[PDB]
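K.L.:
Let me give you the complex in parts, starting here:
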Amino acid sequence: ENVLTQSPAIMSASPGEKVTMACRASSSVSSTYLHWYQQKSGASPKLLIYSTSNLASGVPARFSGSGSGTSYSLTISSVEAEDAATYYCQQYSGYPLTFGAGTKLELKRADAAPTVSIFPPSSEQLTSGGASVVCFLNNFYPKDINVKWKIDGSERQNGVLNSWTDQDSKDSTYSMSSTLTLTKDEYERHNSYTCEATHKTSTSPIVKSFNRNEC
């Protein structure tokens, strides 16, 4: 078989940075046809680079490929927030066609502090069962936080959900949301609930509260 490993597993950058990775192949990719695919967060891979060096229509020129038989480059000379993705390559063996485990890039930028905002848990939720107090922390860098809750006081419940997002293609942001899940036969019983967020941008954890106002 002809198998490809292209470390760095994860890799870093800044807008400007000359970044580089390598499709390390085995012996001769038998005449060498090398293809570099960018897969952006659950999507179709897209050809940039293809008969080893060649790029096509559709791509700006942040991108030269090259090499002979055993190593292949992709010069991403300068990165914009949407170079945030996974980049894998493919070849010959002289049939069957292997692919590779691809390289992830995570665009860096100057930090921002989180915008928590709370929504009390819906008409059709309660009339029919229970309450997902969901709190969205939107548009931050560096992705790391600790989101806890103030059930009453700052009660340490369990049964709490989480979801982070993709790295955004415009602002190299990440965002995420939390949900406390509980019976009407506890939500209509405990009074003052807060999503507490901790992050290196503020000295405080930020605490946006609610106590039985709004329906």
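P.N.:
Arrived safely, thanks for sending. Numbers count the residues shown, from 1 in each chain, chains lettered A, B, ... in the order given.

K.L.:
need the helices for chain A, in chain order.
P.N.:
Along chain A, counting by DSSP state H, helices occupy A:123-127, A:184-187.

K.L.:
so what secondary structure elements neighbour the first one?
P.N.:
Contacts defined by 3 or more C-beta pairs under 8 Å, 6 or more residues apart in numbering; DSSP states H and E place helix A:123-127 against no helix or strand at all. C-betas here are computed from N, CA, C, even on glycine.

K.L.:
List the contacts of it.
P.N.:
A:131, A:132, A:184, A:187, A:188, A:215 (C-beta atoms under 8 Å, 6 or more residues apart in numbering).

K.L.:
hmm, back to that, which of the helices of chain A has the highest mean neighbour count?
P.N.:
Across the helices of chain A, averaging neighbours per residue (mean count of other C-beta atoms under 10 Å) puts helix A:184-187 on top, at a mean of 15.

K.L.:
what does that helix contact?
P.N.:
With C-beta under 8 Å, 6+ apart, helix A:184-187 has contacts from A:121, A:126, A:129, A:130, A:131, A:133.

K.L.:
what's the offset of that helix from the middle of its chain?
P.N.:
Between the centre of helix A:184-187 and the centre of its chain there are 34 Å (C-alpha atoms, centre = their mean, to the nearest Å).

K.L.:
burial of residue A:85, as a residue count?
P.N.:
Residue neighbour count, defined by other C-beta atoms under 10 Å, stands at 23 for residue A:85.

K.L.:
in the sheet, who's paired with residue A:85?
P.N.:
Beta-bridge pairing for residue A:85 (DSSP bridges): residue A:105.

K.L.:
What's the separation between it and residue A:39?
P.N.:
6 Å (C-beta to C-beta, to the nearest Å).

K.L.:
same question, residue A:138
P.N.:
Distance from residue A:138 to residue A:39, by C-beta to C-beta: 25 Å.

K.L.:
again with residue A:166
P.N.:
From residue A:166 to residue A:39 the distance is 12 Å (C-beta to C-beta).

K.L.:
same check, this time on residue A:4
P.N.:
From residue A:4 to residue A:39 the distance is 15 Å (C-beta to C-beta).

K.L.:
repeat for residue A:168
P.N.:
From residue A:168 to residue A:39 the distance is 16 Å (C-beta to C-beta).

K.L.:
Would you mind giving the contacts of helix A:123-127 as TSV with distance to residue A:208 added?
P.N.:
Shown next, in TSV, are those (distance: C-beta to C-beta, whole Å):
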residue	distance to residue A:208
A:131	17
A:132	17
A:184	23
A:187	18
A:188	21
A:215	18
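
K.L.:
most neighbours, which of the contacts of helix A:184-187?
P.N.:
Busiest of these [other C-beta under 10 Å] is residue A:133, holding 23 neighbours.

K.L.:
Quick one: residues contacting the spatially most central residue of chain A.
P.N.:
Most central in chain A under C-alpha atoms, centre = their mean is residue A:166, positioned 3.0 Å from the mean C-alpha point. Shown in contact with residue A:166 (C-beta under 8 Å, 6+ apart): A:41, A:42, A:84, A:174.

K.L.:
quick one: the nearest residue to the first one once chain neighbours are set aside and residue A:203, what's the gap?
P.N.:
This points to residue A:41. Leaving out its chain neighbours, the residue that sits closest to residue A:41 by C-beta to C-beta, 6 or more residues apart in numbering is residue A:166, at 4.1 Å. Taking C-beta to C-beta as the measure, residue A:166 falls 29 Å from residue A:203.

K.L.:
then add chain B to what we have above:
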Amino acid sequence: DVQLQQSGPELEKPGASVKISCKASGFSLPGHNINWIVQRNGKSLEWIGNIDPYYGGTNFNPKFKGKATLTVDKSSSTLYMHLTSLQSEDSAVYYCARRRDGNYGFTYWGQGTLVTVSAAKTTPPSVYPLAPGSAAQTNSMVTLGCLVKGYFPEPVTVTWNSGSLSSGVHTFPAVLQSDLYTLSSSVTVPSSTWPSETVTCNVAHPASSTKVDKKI
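P.N.:
Placed with the earlier chains, chain B looks like this:
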């Protein structure tokens, strides 16, 4: 136009045969191979074999033999794949792909054919609207929430106002929370485009016949 048309997702129990398809539609069929590439759950890509849109060529992976019947029917042009003994790690997505050139690595790939393989009962979502408080906040531009309680399997598709207000879209993933996968999705609308113009949320879930369009 051109397209590689694929239709998924099917959820099967462990054992069953997901009869999948792709319609190559548009270029010459005679000199072409629809390779069915497979993408791993949280992992990497790899390849099955390919099928000639005209005669019955099958060039095949020395592993993917037995879970792989790739087939074109003459009439109308269509490429098939039929995997059997569906076992818990075939639980990934599938592709169809195309030649303009000797770029031996495809430009024109298809859609997301997804397959989930597990013996748990289906659930329609329970799509819900969240209101915040009648207030003043942060900076003068408002955030509205829609969430979708546990459903089964993933996917579902949450959408907002379809065109007019594709505002600050960020759709949050799901956990398998017990069974049921769970969603939430966001916006930030200009405080004049809302309330005078109702903002809409919309959801679909194929394996539960669903459409829920919800207004805030």
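
K.L.:
now that chain B has been added, could you go back to the contacts of helix A:123-127?
P.N.:
A:131, A:132, A:184, A:187, A:188, A:215, B:126, B:128, B:129, B:149 (C-beta atoms under 8 Å, 6 or more residues apart in numbering or on different chains).

K.L.:
and with 6 Å instead?
P.N.:
A:131, A:184, B:128 (C-beta atoms under 6 Å, 6 or more residues apart in numbering or on different chains).

K.L.:
And for stretch B:96-111?
P.N.:
Contacts to stretch B:96-111, defined as C-beta under 6 Å, 6+ apart, come from residues A:33, A:35, A:44, A:47, A:50-51, A:90, B:4, B:6, B:22, B:32, B:34-35, B:95.

K.L.:
among those, which two are most distant?
P.N.:
Taking C-beta to C-beta, the two most distant members of those are A:51 and B:6; they sit 26.4 Å apart.

K.L.:
Looking only at neighbour counts, state which of these two leads.
P.N.:
Higher neighbour count among residue A:51 and residue B:6: residue B:6, with 23 against 16, using other C-beta atoms under 10 Å in any protein chain shown.

K.L.:
Can you tell me who the more buried one pairs with across the strands?
P.N.:
In this entry, residue B:6 is beta-bridged to residue B:22, by DSSP bridges.

K.L.:
what sits against it?
P.N.:
Residues near residue B:6 by C-beta under 6 Å, 6+ apart: B:22, B:96, B:110, B:111, B:113.

K.L.:
Can you tell me which of those residues lies closest to residue B:208?
P.N.:
residue B:113 (18.7 Å).

K.L.:
any idea how far residue A:148 lies from residue B:131?
P.N.:
24 Å.

K.L.:
And residue A:166, by the same measure?
P.N.:
Taking C-beta to C-beta, one finds residue A:166 at 27 Å from residue B:131.

K.L.:
Tell me, how many residues neighbour residue B:107?
P.N.:
Residue neighbour count, defined by other C-beta under 10 Å, stands at 17 for residue B:107.

K.L.:
Can you list the buried residues in stretch B:50-60?
P.N.:
B:50, B:51, B:52, B:53, B:60 (16 or more other C-beta atoms under 10 Å in any protein chain shown).

K.L.:
Apart from its neighbours in sequence, what residue is nearest residue A:174?
P.N.:
Ranked by C-beta to C-beta, 6 or more residues apart in numbering or on different chains and with sequence neighbours excluded, the top spatial neighbour of residue A:174 is residue A:143, at 3.9 Å.

K.L.:
got the domain boundaries for chain A?
P.N.:
Per the record, chain A has its domains at A:1-109, A:110-212, by curated CATH domains.

K.L.:
Centre of the chain to the last one, how far?
P.N.:
Computed by C-alpha atoms, centre = their mean, the separation of domain A:110-212 from the middle of its chain amounts to 19 Å.

K.L.:
Straight-line length of that domain, end to end?
P.N.:
From its first residue to its last, domain A:110-212 covers 38 Å (C-alpha to C-alpha, to the nearest Å).

K.L.:
still on that earlier bit, would you turn the contacts of stretch B:96-111 into JSON lines with distance to residue B:105?
P.N.:
Listed next are those as JSON lines, based on distance: C-beta to C-beta, whole Å:
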{"residue": "A:33", "distance to residue B:105": "7"}
{"residue": "A:35", "distance to residue B:105": "3"}
{"residue": "A:44", "distance to residue B:105": "13"}
{"residue": "A:47", "distance to residue B:105": "6"}
{"residue": "A:50", "distance to residue B:105": "6"}
{"residue": "A:51", "distance to residue B:105": "8"}
{"residue": "A:90", "distance to residue B:105": "5"}
{"residue": "B:4", "distance to residue B:105": "15"}
{"residue": "B:6", "distance to residue B:105": "19"}
{"residue": "B:22", "distance to residue B:105": "18"}
{"residue": "B:32", "distance to residue B:105": "14"}
{"residue": "B:34", "distance to residue B:105": "14"}
{"residue": "B:35", "distance to residue B:105": "10"}
{"residue": "B:95", "distance to residue B:105": "13"}
